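**Student:** This structure is in structure tokens; I'll ask about it shortly.
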Number of protein chains: 6
Amino acid sequence: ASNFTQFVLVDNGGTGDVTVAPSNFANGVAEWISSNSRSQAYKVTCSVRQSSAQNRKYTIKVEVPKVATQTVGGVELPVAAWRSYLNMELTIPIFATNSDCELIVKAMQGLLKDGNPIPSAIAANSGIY
Amino acid sequence: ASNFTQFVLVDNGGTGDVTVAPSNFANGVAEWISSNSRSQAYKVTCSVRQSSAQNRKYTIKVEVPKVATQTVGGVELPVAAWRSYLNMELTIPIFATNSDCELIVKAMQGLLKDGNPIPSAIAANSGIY
Amino acid sequence: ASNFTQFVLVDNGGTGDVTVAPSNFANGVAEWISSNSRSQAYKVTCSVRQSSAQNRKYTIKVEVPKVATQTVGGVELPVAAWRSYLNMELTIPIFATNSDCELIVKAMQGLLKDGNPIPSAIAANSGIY
Amino acid sequence: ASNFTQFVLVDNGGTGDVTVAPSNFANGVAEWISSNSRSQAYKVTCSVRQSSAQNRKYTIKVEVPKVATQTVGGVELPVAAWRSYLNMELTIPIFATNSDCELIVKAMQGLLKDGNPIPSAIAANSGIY
Amino acid sequence: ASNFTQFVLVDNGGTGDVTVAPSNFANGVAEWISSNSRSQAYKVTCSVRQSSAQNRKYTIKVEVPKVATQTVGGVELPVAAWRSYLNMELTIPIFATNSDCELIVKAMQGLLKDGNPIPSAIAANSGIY
Amino acid sequence: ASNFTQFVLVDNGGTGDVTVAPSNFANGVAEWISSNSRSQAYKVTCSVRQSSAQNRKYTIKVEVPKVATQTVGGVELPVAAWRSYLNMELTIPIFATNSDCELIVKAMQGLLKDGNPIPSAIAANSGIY
RNA sequence: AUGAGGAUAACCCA
RNA sequence: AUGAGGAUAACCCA
RNA sequence: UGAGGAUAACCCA
RNA sequence: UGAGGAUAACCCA
């Protein structure tokens, strides 16, 4: 085992599929990036900390880039027009068993499942109403 | 097009699923809760706002109860020992189109798909290794 | 030659053994935990470093849960009442060869072999007499 | 009974076996040393203390010497080229029964058993990877 | 996945090979060490950092020891008569794609390939001429 | 005899090969340059000096350019969008024989051989993990 | 009391 | 530690 | 930044 | 000396 493996971040049925691979673990922060210039890459980082006497806190971040080709000084450089950032912090009490944690993961998956409220609003550039 | 409807948060294949229903809309902050006491309920809240001139920001929060050894409807203290808190912040540049936004949602779904690094780590009380 | 693998920490002759598996590697500090909630798990961590010009130092830590009258997966406070902590520091002069080091390991195994003074004292809630 | 007895610290199948014998109990610190000049001897000490209202703390130390013969002032003296030090502190809650303590001893024995991760790294002058 | 693994630093057929194995990864600095006495061991360290807005910078170091035995007072220790120190820094703009990095690596391997100017000058205790 | 000759810096089969040729040897600094526009050329420099009573020190440098065309005012020049900079310093005690230097060179070639930790991290825009 | 603080080791440091 | 605080993103603010 | 030194993740201009 | 920066045989502590 070793869970520090590559995985598909964006799935488009095996074509134009954004896959992300391990790329750094310096300072206890696991990092994953896509095969791109460090300036246009998708980035995912994760770290766990004993935030308190009875808490553990996962801090996960994702960076989704809008790739573009700029012309600085009359030369073409691969760059990102802009980036979208996901910042999630998950605090779990040390008393949570494995089955308790599986419950947290399922909640997070159901929360974002296609057709459910939240992902629908985000995808349509609107709020909940 | 009302998207503020109930949905399945925790899916256990029809039997033992956890449905979360609309429960509050004070201050534009939509809220959904399961059918439990508020100390033992699954809670989901979501709001959007113009964080700045350049970005919009979705703030999603989830609360998941510790179920192992739980006493349904009882008084369980300290509260911090029986609850996990998820806190998501999605920043999206105002230039993102409905398409760009669908891609961002896909990125979030991929991050948490079964068998992938992050969810596998969480479900096993582990970090990355 | 990867040595960061799972192993049997508590051996009860095949039946009721406690296996500890890799669970974190943040900051070069390897971690192993049993399949329990982190409040009731067996935890083992180990790191090495150059403590000084002349020595290297292994820092090994073990956490063992109090099992008698335990409620699997429950909330048990105060935490200090339900856990024992082992803290080992092994200082080895940089001149030690693989051989010198095998002897040191043998010394540690001998110290804790069954029937010997130290382990017998610990297992009976006693001191030396 | 009396657990203050001699024992084999380093075992090489009854030949070149480093045996250690009781040698001092002054100030509540039990001491054991091998049959050697006090300058080249293996040393083991142990002491138990009521470190807190609800804790007991064992403090065990082992000194493994690299024996040599120096020539100070043109004369030969038995000495130690260097020493390796083991420093372990074990904190046990007063609520731990005898069967709970037996669990701690077994964990410590399994931790150092031949072939397991930690003793392998130490013996090969490497880290965990 | 993991690239923080053991590897052959000096290749002498199959036998005489110098292998270096992971030992420490503290504060973003990976470190490999060869087996046996730390004092006569080969050392390799590596680290990456965002040296500026547009640059990432690798800092690699190698230490080749001249194995020898020091005798003083008739006491002998395994030491290194002296050490040779390699010290490189590689700067790469964030605009570099994986393809560009593969070129940079080939450039380094070419620089040191057998028979070329530089590796030959070094191997003969010479400079350019 | 002469080692200040032309050589293949980047090997791409037989075609696509980047060759560097002598260009200048002023003030103890040897310099190689690839053909065509100096502006988009690969550069390598080398020099040795008695850094101290016991040490000689080599200073090698490599520059990998990112070939591109700059257009300004409709006037276009062959330029380098950016450059990657290798920079190494090798210190070798005067006591090193030719055999020791051959080892030092093998150590460097091993460090950068295909598939090993470091050359792989660099080629993938990654660090250690 | 805590330190993946140090040691020349029943001592010393924060 | 808390923020439906900000960000140019393992940082900054109250 | 250094064809700046080193006892090497330190130090100097 | 620097896991100090660089536009790279220069520059900073």
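In the structure tokens, the first chain shown is A, the next is B, and so on; residue numbers restart at 1 for each chain, and ligands run from 1 in the order shown.
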Can you pull out every residue within 12 Å of residue E:107, counting only C-alpha atoms (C1' of nucleotides), but drop anything in the same chain fewer than 3 positions away, and send it as a ChimeraX atom specification?

**Tutor:** /E:90,100-104,110-113 /F:7-12,17-20,42-44,61-65,84-86,112-113,119,123

**Student:** Write a file of the just-selected residues containing N, CA and C atoms, as a JSON list (two decimals), in the first residue's frame.

**Tutor:**
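Wrote it out as result.json, contents follow:
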```json
[["chain", "number", "residue", "atom", "x", "y", "z"],
["E", 90, "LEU", "N", 19.82, 24.03, -9.64],
["E", 90, "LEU", "CA", 19.17, 24.08, -10.93],
["E", 90, "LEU", "C", 17.96, 24.99, -10.87],
["E", 100, "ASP", "N", 10.28, 20.12, -21.51],
["E", 100, "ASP", "CA", 11.45, 20.98, -21.34],
["E", 100, "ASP", "C", 12.32, 20.46, -20.23],
["E", 101, "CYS", "N", 11.69, 19.90, -19.20],
["E", 101, "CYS", "CA", 12.43, 19.38, -18.08],
["E", 101, "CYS", "C", 13.19, 18.14, -18.50],
["E", 102, "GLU", "N", 12.61, 17.36, -19.41],
["E", 102, "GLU", "CA", 13.29, 16.16, -19.90],
["E", 102, "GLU", "C", 14.52, 16.54, -20.69],
["E", 103, "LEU", "N", 14.47, 17.71, -21.32],
["E", 103, "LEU", "CA", 15.60, 18.19, -22.09],
["E", 103, "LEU", "C", 16.69, 18.63, -21.11],
["E", 104, "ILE", "N", 16.29, 19.36, -20.07],
["E", 104, "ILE", "CA", 17.21, 19.84, -19.06],
["E", 104, "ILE", "C", 17.95, 18.67, -18.42],
["E", 110, "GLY", "N", 24.32, 14.51, -20.45],
["E", 110, "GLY", "CA", 25.27, 14.63, -21.54],
["E", 110, "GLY", "C", 26.55, 15.27, -21.02],
["E", 111, "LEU", "N", 26.39, 16.34, -20.25],
["E", 111, "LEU", "CA", 27.52, 17.04, -19.66],
["E", 111, "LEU", "C", 28.48, 16.06, -18.97],
["E", 112, "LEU", "N", 27.93, 15.08, -18.25],
["E", 112, "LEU", "CA", 28.74, 14.12, -17.50],
["E", 112, "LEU", "C", 29.01, 12.75, -18.13],
["E", 113, "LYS", "N", 28.51, 12.52, -19.34],
["E", 113, "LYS", "CA", 28.73, 11.23, -20.01],
["E", 113, "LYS", "C", 30.22, 10.91, -20.21],
["F", 7, "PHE", "N", 31.51, 18.68, -28.32],
["F", 7, "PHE", "CA", 30.89, 17.45, -27.82],
["F", 7, "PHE", "C", 29.37, 17.53, -27.80],
["F", 8, "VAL", "N", 28.71, 16.38, -27.75],
["F", 8, "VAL", "CA", 27.25, 16.33, -27.73],
["F", 8, "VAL", "C", 26.74, 16.58, -26.33],
["F", 9, "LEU", "N", 26.01, 17.68, -26.15],
["F", 9, "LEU", "CA", 25.45, 18.01, -24.84],
["F", 9, "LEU", "C", 24.11, 17.32, -24.64],
["F", 10, "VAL", "N", 23.25, 17.38, -25.65],
["F", 10, "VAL", "CA", 21.94, 16.73, -25.59],
["F", 10, "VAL", "C", 21.89, 15.69, -26.70],
["F", 11, "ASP", "N", 21.70, 14.44, -26.31],
["F", 11, "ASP", "CA", 21.65, 13.35, -27.27],
["F", 11, "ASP", "C", 20.22, 12.94, -27.60],
["F", 12, "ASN", "N", 19.82, 13.17, -28.85],
["F", 12, "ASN", "CA", 18.48, 12.80, -29.32],
["F", 12, "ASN", "C", 18.66, 11.85, -30.50],
["F", 17, "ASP", "N", 20.22, 16.10, -32.02],
["F", 17, "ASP", "CA", 21.35, 16.21, -31.10],
["F", 17, "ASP", "C", 21.79, 17.66, -30.99],
["F", 18, "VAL", "N", 22.08, 18.09, -29.77],
["F", 18, "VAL", "CA", 22.55, 19.45, -29.53],
["F", 18, "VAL", "C", 24.05, 19.36, -29.26],
["F", 19, "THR", "N", 24.83, 19.92, -30.17],
["F", 19, "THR", "CA", 26.28, 19.90, -30.02],
["F", 19, "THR", "C", 26.77, 21.25, -29.59],
["F", 20, "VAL", "N", 27.76, 21.24, -28.71],
["F", 20, "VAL", "CA", 28.32, 22.45, -28.20],
["F", 20, "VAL", "C", 29.79, 22.45, -28.66],
["F", 42, "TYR", "N", 23.01, 27.28, -26.46],
["F", 42, "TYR", "CA", 23.24, 26.55, -25.21],
["F", 42, "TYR", "C", 24.65, 26.97, -24.80],
["F", 43, "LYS", "N", 24.89, 27.11, -23.50],
["F", 43, "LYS", "CA", 26.19, 27.53, -23.04],
["F", 43, "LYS", "C", 26.69, 26.66, -21.91],
["F", 44, "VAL", "N", 27.99, 26.38, -21.92],
["F", 44, "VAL", "CA", 28.61, 25.57, -20.89],
["F", 44, "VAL", "C", 29.96, 26.19, -20.59],
["F", 61, "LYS", "N", 28.97, 25.31, -15.35],
["F", 61, "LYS", "CA", 27.67, 25.95, -15.54],
["F", 61, "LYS", "C", 27.06, 25.59, -16.87],
["F", 62, "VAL", "N", 25.76, 25.39, -16.89],
["F", 62, "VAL", "CA", 25.08, 25.06, -18.12],
["F", 62, "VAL", "C", 23.85, 25.95, -18.25],
["F", 63, "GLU", "N", 23.51, 26.31, -19.48],
["F", 63, "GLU", "CA", 22.34, 27.13, -19.74],
["F", 63, "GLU", "C", 21.51, 26.48, -20.82],
["F", 64, "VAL", "N", 20.27, 26.15, -20.49],
["F", 64, "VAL", "CA", 19.38, 25.55, -21.48],
["F", 64, "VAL", "C", 18.36, 26.63, -21.82],
["F", 65, "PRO", "N", 18.34, 27.06, -23.10],
["F", 65, "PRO", "CA", 17.42, 28.09, -23.57],
["F", 65, "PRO", "C", 16.13, 27.53, -24.13],
["F", 84, "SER", "N", 17.17, 28.06, -18.44],
["F", 84, "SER", "CA", 17.24, 27.24, -17.25],
["F", 84, "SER", "C", 18.72, 27.26, -16.91],
["F", 85, "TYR", "N", 19.07, 27.41, -15.63],
["F", 85, "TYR", "CA", 20.48, 27.48, -15.25],
["F", 85, "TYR", "C", 21.00, 26.40, -14.31],
["F", 86, "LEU", "N", 21.95, 25.60, -14.79],
["F", 86, "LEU", "CA", 22.56, 24.58, -13.95],
["F", 86, "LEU", "C", 23.80, 25.23, -13.40],
["F", 112, "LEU", "N", 22.54, 11.19, -11.59],
["F", 112, "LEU", "CA", 21.67, 11.60, -12.70],
["F", 112, "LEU", "C", 21.18, 10.53, -13.67],
["F", 113, "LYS", "N", 21.54, 9.27, -13.45],
["F", 113, "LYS", "CA", 21.11, 8.20, -14.34],
["F", 113, "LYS", "C", 19.58, 8.07, -14.43],
["F", 119, "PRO", "N", 16.86, 12.62, -11.06],
["F", 119, "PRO", "CA", 16.58, 12.98, -12.46],
["F", 119, "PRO", "C", 15.10, 12.83, -12.81],
["F", 123, "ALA", "N", 12.58, 15.87, -14.10],
["F", 123, "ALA", "CA", 11.89, 15.65, -15.37],
["F", 123, "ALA", "C", 10.37, 15.69, -15.26]]
```

**Student:** Taking only C-alpha atoms (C1' of nucleotides) into account, report as a ChimeraX atom specification which residues of chain G lie within 12 Å of chain D.

**Tutor:** /G:1,7-10

**Student:** Go ahead and save the residues from that selection, with N, CA and C atoms (P, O5', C5', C4', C3', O3' and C1' of nucleotides), as a PDB file, in the first residue's frame.

**Tutor:**
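again-v6.pdb written:
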```pdb
ATOM      1  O5'   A G   1       5.513  15.871  34.404  1.00  0.00           O
ATOM      2  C5'   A G   1       4.085  15.943  34.311  1.00  0.00           C
ATOM      3  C4'   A G   1       3.613  17.004  33.340  1.00  0.00           C
ATOM      4  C3'   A G   1       4.204  16.945  31.941  1.00  0.00           C
ATOM      5  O3'   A G   1       3.535  15.998  31.119  1.00  0.00           O
ATOM      6  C1'   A G   1       4.274  19.173  32.716  1.00  0.00           C
ATOM      7  P     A G   7      23.425  15.111  21.252  1.00  0.00           P
ATOM      8  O5'   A G   7      24.146  15.084  22.672  1.00  0.00           O
ATOM      9  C5'   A G   7      25.180  16.016  22.978  1.00  0.00           C
ATOM     10  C4'   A G   7      25.582  15.902  24.430  1.00  0.00           C
ATOM     11  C3'   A G   7      25.996  14.517  24.892  1.00  0.00           C
ATOM     12  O3'   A G   7      27.341  14.247  24.530  1.00  0.00           O
ATOM     13  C1'   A G   7      24.538  15.466  26.482  1.00  0.00           C
ATOM     14  P     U G   8      27.800  12.734  24.259  1.00  0.00           P
ATOM     15  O5'   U G   8      28.082  12.164  25.722  1.00  0.00           O
ATOM     16  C5'   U G   8      29.172  11.278  25.980  1.00  0.00           C
ATOM     17  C4'   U G   8      29.921  11.714  27.226  1.00  0.00           C
ATOM     18  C3'   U G   8      29.039  12.023  28.440  1.00  0.00           C
ATOM     19  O3'   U G   8      29.718  11.724  29.643  1.00  0.00           O
ATOM     20  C1'   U G   8      30.281  13.937  27.887  1.00  0.00           C
ATOM     21  P     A G   9      29.042  10.741  30.714  1.00  0.00           P
ATOM     22  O5'   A G   9      27.556  11.282  30.956  1.00  0.00           O
ATOM     23  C5'   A G   9      27.112  11.660  32.266  1.00  0.00           C
ATOM     24  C4'   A G   9      25.683  11.199  32.520  1.00  0.00           C
ATOM     25  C3'   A G   9      25.423   9.703  32.724  1.00  0.00           C
ATOM     26  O3'   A G   9      24.277   9.539  33.573  1.00  0.00           O
ATOM     27  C1'   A G   9      24.271  10.448  30.802  1.00  0.00           C
ATOM     28  P     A G  10      24.452   9.177  35.144  1.00  0.00           P
ATOM     29  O5'   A G  10      23.490  10.220  35.866  1.00  0.00           O
ATOM     30  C5'   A G  10      22.126  10.316  35.483  1.00  0.00           C
ATOM     31  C4'   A G  10      21.296  10.924  36.590  1.00  0.00           C
ATOM     32  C3'   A G  10      21.696  10.599  38.026  1.00  0.00           C
ATOM     33  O3'   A G  10      21.097  11.556  38.910  1.00  0.00           O
ATOM     34  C1'   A G  10      19.743   9.394  37.462  1.00  0.00           C
TER      35        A G  10
END
```

**Student:** Would you tabulate, counting only C-alpha atoms (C1' of nucleotides), all residues of chain J that have an atom at most 12 Å from an atom of chain E, showing the closest pair of atoms and their distance in Å to one decimal, sorted by chain then ascending number, as a tab-separated table?

**Tutor:**
```
residue	atom	partner	partner_atom	distance
J:2	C1'	E:59	CA	11.6
J:3	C1'	E:47	CA	5.4
J:4	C1'	E:51	CA	9.4
J:5	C1'	E:51	CA	7.4
J:6	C1'	E:52	CA	9.7
J:8	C1'	E:91	CA	10.9
```

**Student:** Return the neighbours of chain E among the residues of chain A, cut-off 8 Å, counting only C-alpha atoms, as a ChimeraX atom specification.

**Tutor:** /A:2-6,22,25-27,35-39,77-79

**Student:** Would you export the selected residues with N, CA and C atoms as a tab-separated table (two decimals), in the first residue's frame, please?

**Tutor:**
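Output (out-v2.tsv):
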```tsv
chain	number	residue	atom	x	y	z
A	2	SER	N	0.12	2.42	-0.12
A	2	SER	CA	0.65	3.78	-0.16
A	2	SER	C	-0.53	4.40	-0.86
A	3	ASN	N	-1.12	5.42	-0.27
A	3	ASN	CA	-2.26	6.03	-0.92
A	3	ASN	C	-1.81	7.25	-1.71
A	4	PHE	N	-0.51	7.53	-1.70
A	4	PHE	CA	-0.01	8.69	-2.43
A	4	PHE	C	0.14	8.31	-3.90
A	5	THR	N	-0.98	8.18	-4.59
A	5	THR	CA	-0.98	7.81	-5.99
A	5	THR	C	-1.68	8.81	-6.90
A	6	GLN	N	-1.48	8.67	-8.20
A	6	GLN	CA	-2.11	9.57	-9.15
A	6	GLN	C	-3.57	9.16	-9.29
A	22	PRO	N	1.30	12.50	-8.06
A	22	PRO	CA	2.04	12.95	-6.87
A	22	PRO	C	3.22	13.79	-7.34
A	25	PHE	N	6.08	16.23	-1.23
A	25	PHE	CA	5.56	15.93	0.10
A	25	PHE	C	6.37	16.71	1.11
A	26	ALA	N	7.04	17.75	0.63
A	26	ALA	CA	7.86	18.59	1.50
A	26	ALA	C	7.02	19.32	2.53
A	27	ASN	N	7.45	19.25	3.78
A	27	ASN	CA	6.77	19.91	4.89
A	27	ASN	C	5.41	19.31	5.26
A	35	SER	N	0.22	17.05	-15.77
A	35	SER	CA	1.38	17.17	-16.67
A	35	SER	C	1.29	18.48	-17.42
A	36	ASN	N	1.82	19.53	-16.82
A	36	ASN	CA	1.75	20.83	-17.43
A	36	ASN	C	2.89	21.66	-16.93
A	37	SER	N	3.02	22.85	-17.51
A	37	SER	CA	4.03	23.76	-17.06
A	37	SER	C	3.46	24.12	-15.69
A	38	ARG	N	4.34	24.28	-14.72
A	38	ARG	CA	3.93	24.62	-13.38
A	38	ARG	C	3.00	25.85	-13.35
A	39	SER	N	2.98	26.61	-14.45
A	39	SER	CA	2.15	27.81	-14.51
A	39	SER	C	0.72	27.55	-15.01
A	77	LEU	N	4.14	32.89	-23.85
A	77	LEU	CA	4.36	32.09	-22.65
A	77	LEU	C	3.08	31.38	-22.22
A	78	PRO	N	3.18	30.10	-21.83
A	78	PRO	CA	1.99	29.36	-21.39
A	78	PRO	C	1.65	29.89	-19.99
A	79	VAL	N	0.41	30.32	-19.82
A	79	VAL	CA	-0.01	30.91	-18.56
A	79	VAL	C	-1.46	30.54	-18.20
```

**Student:** Mind pulling up the distance from atom CA of residue D:34 to atom CA of residue D:13?

**Tutor:** 17.1 Å

**Student:** Run DSSP on the backbone and tell me which residues of chain D come out as alpha helix (DSSP H); list them as a VMD selection string.

**Tutor:** chain D and resid 98 to 111 117 to 123

**Student:** Per DSSP on the backbone, what are the strand (DSSP E) residues of chain F, as a PyMOL selection string?

**Tutor:** chain F and resi 7-10+18-26+29-34+43-50+55-72+75-93
